[PDB]
Amino acid sequence: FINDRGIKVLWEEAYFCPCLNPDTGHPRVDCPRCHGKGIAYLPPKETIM
Amino acid sequence: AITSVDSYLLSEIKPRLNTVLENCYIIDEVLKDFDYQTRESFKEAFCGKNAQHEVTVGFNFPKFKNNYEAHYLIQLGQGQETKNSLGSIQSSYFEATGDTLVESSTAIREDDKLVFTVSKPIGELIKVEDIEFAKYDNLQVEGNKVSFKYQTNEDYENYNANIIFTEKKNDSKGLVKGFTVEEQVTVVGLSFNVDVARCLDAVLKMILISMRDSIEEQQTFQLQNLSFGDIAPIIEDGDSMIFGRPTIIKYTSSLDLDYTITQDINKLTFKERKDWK
Ligand SMILES: [Zn+2]
């Protein structure tokens, strides 16, 4: 039922990026692993939702 | 300079908090007025090298969960400019001077002078600890070294001192232009245990009293003034409430810039010219 009704999506899993400032606790705005969001993402996974 | 009271407070509070918490008799003195069981429970939980719980410090609005058992939340507040100088001239200098520093050092003999070595070029020497030199002592400063005549002072050939001084950036003239600001930062000790919140309040007040003597807020951040809020639930709809008592720390400080002057004049010259009309 879900495979019939859902649309194909790419799912990628959140984790906090280890670029957070050890004092201020905020992300580095130049970080390449996360583009200023505090959250980095694992490689994408194909799923239907 | 431009200044950031919040980052100053974070940098200053964290080491002081650690050094109190690793030292049991300090807490035993700070909490002498609390109920015996409150005191002993706090000292058992958070205090000493074996402490299994820990306190934490950081700015507000993190994206992660904090140690809500005991956490100092730092929260930058309001401010306003209060006093201005004529021409906005906060000061003037003949030699661009950096931050004030205090460093430990030892004398050594060199070529029948005593010298103290300092890690950075001395822009100005404020004090050599526990020494006042006479003219006979031929006190001179050069680069990053202080130098001191050996002849009469041989007993002090390895004397240990603290040097209070300030860096130099460069040899240039200018005007320090700026103004004074009065600015507020809030700090709150969050805990889901009310007795922990009350103890964190006591510890923070002790830390701020101790901080008043530091060079940082003797030279800048002057006139620390404290206000205290009610104890209240900060968050009320978890499986438990989180409590805290705010304190507001207000500081008076200078915001200013080094306007360097390139113009220099090194000779007047005079001429007479004749008017035949
Ligand atoms: Zn990052």
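For this deposited structure, the header cites cryo-EM as the method used and 3.6 Å as the resolution.

Quick look at the pattern of salt bridges
As enumerated under the stated definition, the model contains 17 salt bridges over all chains in all. Between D23(A) and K14(B) there is a salt bridge, and its shortest N-O distance comes to 3.2 Å. Here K14(B) lies in helix α1 (residues 5-21) and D23(A) lies in the loop between β2 (14-16) and β3 (39-41), a pairing that spans two chains. Among the residues examined, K14(B) registers a relative accessible area of 30% and is labelled partly exposed. Each member of the salt-bridge network shares a partner with another, and the members are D28(B), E40(B) and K43(B).

Side note on the interface of chain B and chain A
Between chain B and chain A, the residue contacts involve 7 residues of the former and 9 residues of the latter. When residues of chain B are sorted by the area they lose upon contact with chain A, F59(B), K63(B) and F64(B) head the list and together hold 65% of the total. Put simply, chain B and chain A have 1 salt bridge between them. The interface formed by chain B and chain A holds 1 residue pair in polar contact in total. Its residues placed into classes, the side of chain B that touches chain A shows 4 nonpolar, 1 polar and 2 charged.

Here we look at the coordination of the zinc ion
Residues and elements named next belong to chain A. The zinc ion binds to the protein through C17 (SG), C19 (SG), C31 (SG) and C34 (SG), with metal-donor distances spanning 2.3 Å. Mapped onto the sequence, the donors of the zinc ion take the spacing C-x1-C-x11-C-x2-C. When its relative accessible area of 2% is taken as the criterion, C34 is described as buried.

Some points on the nonpolar core
Most often, soluble globular proteins keep nonpolar side chains buried together rather than apart. Residues and elements named next belong to chain B. Counting residues in each nonpolar core, the largest one holds 35 residues, and the members touching the most others are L17 and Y72. When residues of this core are traced back to their parent elements, those giving at least two are α1, α3 (36-46), β1 (56-59), β2 (71-83), β10 (173-190), α4 (194-211) and β14 (246-261). No other element matches the 9 residues that α4 contributes to this core. Apart from residues no more than four positions distant in its own chain, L17 is found in contact with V55, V57, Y72, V203 and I207. Counting 9 residues, the second-largest nonpolar core is a separate cluster that includes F116, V118, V146 and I163.

Some remarks on α1(B)
An ideal rise of 1.5 Å per residue puts 24 Å on 17 residues; α1(B) measures up with 24 Å between its terminal C-alpha atoms. What α1(B) keeps buried is the set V5(B), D6(B), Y8(B), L9(B), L10(B), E12(B), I13(B), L17(B), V20(B) and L21(B).

Side note on the side chain of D6(B)
All names here are of chain B. Relative to the assigned elements, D6 resides in helix α1. Despite being buried, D6 has no salt bridge partner; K14 is the closest side chain of opposite charge, sitting 13 Å away. Apart from the residues within four sequence positions on either side, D6 is in contact with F59, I74, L76 and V185.

Thresholds applied
- In this document, residue positions are counted from 1 along each chain in sequence order, independent of how the entry numbers them, and residues without coordinates are left out.
- For naming, the first written chain is A and the first written ligand is 1, with later ones following in the order written.
- Only a portion of a larger assembly is displayed here, and every value given applies to that displayed portion alone.
- Excluded from the side-chain calculation are hydrogens and water; included are all heavy atoms of the structure.
- Each reported salt bridge corresponds to a side-chain nitrogen of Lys or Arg within 4 Å of a carboxyl oxygen of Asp or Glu.
- Going along the chain from the N terminus, every DSSP run of H or I of four or more residues is numbered as a helix, and every run of E of two or more is numbered as a strand.
- The rule is simple: take the accessible area with a 1.4 Å probe, protein chains only, and divide by the maximum for that residue type; under 20% is buried, over 50% is exposed, in between is partly exposed.
- In this description, contact between two residues means that some pair of their heavy atoms is separated by no more than 4.5 Å.
- Summed over both partners, the accessible surface that disappears when two parts come together, traced with a 1.4 Å probe, is what is meant by buried area.
- Counted as a polar contact is a pair of N or O atoms within 3.5 Å, where, for protein atoms, one must be capable of donating a hydrogen and the other of accepting one, and residues adjacent in sequence contribute only when both atoms are in side chains.
- Polarity classes work like this: nonpolar for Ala, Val, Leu, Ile, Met, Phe, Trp, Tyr, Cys and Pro, charged for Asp, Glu, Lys and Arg, and polar for all others, with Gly in that last group.
- Coordination shells were defined by N, O and S atoms within 2.8 Å of each metal, extended to 3.2 Å for Na, K and Ca; water is absent from the atom set, which can make sites look incomplete.
- Nonpolar cores were defined as sets of buried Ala, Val, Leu, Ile, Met, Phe, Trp, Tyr and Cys residues, with membership established by side-chain atoms within 4.5 Å.
- Expected helix span is computed as 1.5 Å times (number of residues minus one).
- Under the counting rule used here, the positive set is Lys and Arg, the negative set is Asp and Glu, and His together with the chain ends is not counted.

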